[PDB]
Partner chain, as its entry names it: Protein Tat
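For reference, the chain that follows is the form deposited without its partner chain, supplied as structure tokens.
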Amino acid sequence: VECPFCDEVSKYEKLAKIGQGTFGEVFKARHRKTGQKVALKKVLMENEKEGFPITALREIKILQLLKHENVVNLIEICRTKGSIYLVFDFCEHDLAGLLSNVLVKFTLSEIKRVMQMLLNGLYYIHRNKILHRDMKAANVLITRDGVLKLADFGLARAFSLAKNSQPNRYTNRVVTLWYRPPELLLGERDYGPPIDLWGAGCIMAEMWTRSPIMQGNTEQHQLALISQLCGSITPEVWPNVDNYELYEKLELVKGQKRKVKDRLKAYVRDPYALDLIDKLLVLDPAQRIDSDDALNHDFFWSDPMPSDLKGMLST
């Protein structure tokens, strides 16, 4: 049975399970001949109902499209003699694990560099009409050389702006609750890139607070925590939000003022930083800053300028 374009995963030697995973899911491995460090992600088939996971085909199609310095690199796809593995270029660290490590110290300059790479990565994927749809520290990887990479596209899809007569109807229940933007919690199905940047804002705040800033337990508790931080959700600050079926059907606190900057001031301090975060965590997705504007925001072009991470990662 000829199979020239799908190599047996035997070519790699498994070295460890990475991230206290779920099962024999992701392994750290090395090419037996080149020593190339890779990460093997076994394609999960508990849901064997409808053939090879369409959700996996999605991930692969997209991974094969997205080729950028700040996006995780899919080397190839290997088989056994059956199972299937996605092979990635190995990444030593991940933002979640780093911020969980008390010994790790980020300088203001280095946090700038992190956010800069993250945003440059988002700019690329959105440019190629892709939504990550699962932003979180855990899915932001960093290599030993200090290169940030977006990962876990198992939730990502493609998006179009057509046809200007009928809006898109996408999966609403997407993105981890804690990183989910207001528009999604209100039941939006015609959304886009802005949902990913809301996530970027949550992550940027984590760089200082060291923990997810809004940890809800239910879709509406999440909405409540957002109101407490970003201010009450009203048409006055979010035009045409009335149209969401849930705007009335959701008990929403009415008196809240905006406390984003005031709340993070204690953790961050740098004014430019607080400002960019204030623009990323904007309720109205239409008024929320995009990737391009964010990257040209003063934060990235005022002292201290962003600096490499190599040194900070040896600890």
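Residues that one form lacks are left out of the comparison. Throughout, rigid core stands for the largest set of C-alpha atoms superposing within 1.5 Å between the two forms. Residue numbers count along the first chain shown, from 1.
- Figure legend: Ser165 is marked as unmodelled in at least a third of the other comparable entries of the protein.
- Gap between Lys81 and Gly82: 4 to 9 deposited residues without coordinates.
- When 24-32 is weighed against 252-260, 252-260 comes out higher, by mean CA B-factor as recorded in the entry.
- Judged by mean Cα B factor in the deposited record, 42-50 ranks above the other of 42-50 and 272-280.
- Which of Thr209, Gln220, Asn120, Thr107 has the largest Cα B-factor in the deposited entry comes down to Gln220.
- As recorded in the entry, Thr171 carries the highest CA temperature factor of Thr171, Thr176, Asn128, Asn73.
- Compared with the other modelled residues of the chain, the Cα B-factor recorded for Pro194 ranks in the lowest third.
- Per the deposited record, the Cα B-factor of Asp94 falls in the lowest third when ranked against the other modelled residues of its chain.
- In the PDB entry, a CA B factor belonging to the lowest third of its chain's modelled residues is recorded for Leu57.
- Ranked by Cα temperature factor within the chain, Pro167 sits in the highest third according to the deposited record.
- The PDB entry assigns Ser232 a C-alpha temperature factor belonging to the highest third of its chain's modelled residues.
Here the subject shifts to the form deposited with its partner chain bound, a form of this protein not shown in this document.
- This chain is drawn without its partner chain; in the bound PDB entry, the residue among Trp178, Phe159, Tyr191, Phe106 with a heavy atom within 4.5 Å of it is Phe159.
- Of the listed positions (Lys129, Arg144, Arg173, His221), a single one reaches within 4.5 angstroms of its partner chain by any non-hydrogen atom in the bound PDB entry, namely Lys129.
- With its partner chain left out of view, the stretch that reaches within 4.5 Å of it through heavy atoms in the bound PDB entry is, among 93-101, 162-170, 224-232, 196-204, 162-170.
- In the bound PDB entry, its partner chain lies beyond 4.5 angstroms of every heavy atom of every residue of 247-286.
- Taking the rigid core as fixed, one finds a CA shift for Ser160 smaller than 2 Å between the shown form and the other one.
- Shifted region between the shown form and the other one (core-superposed; runs of 3+ residues, all CA displacements of 2 Å or more, residues common to both forms): 161-165 only.
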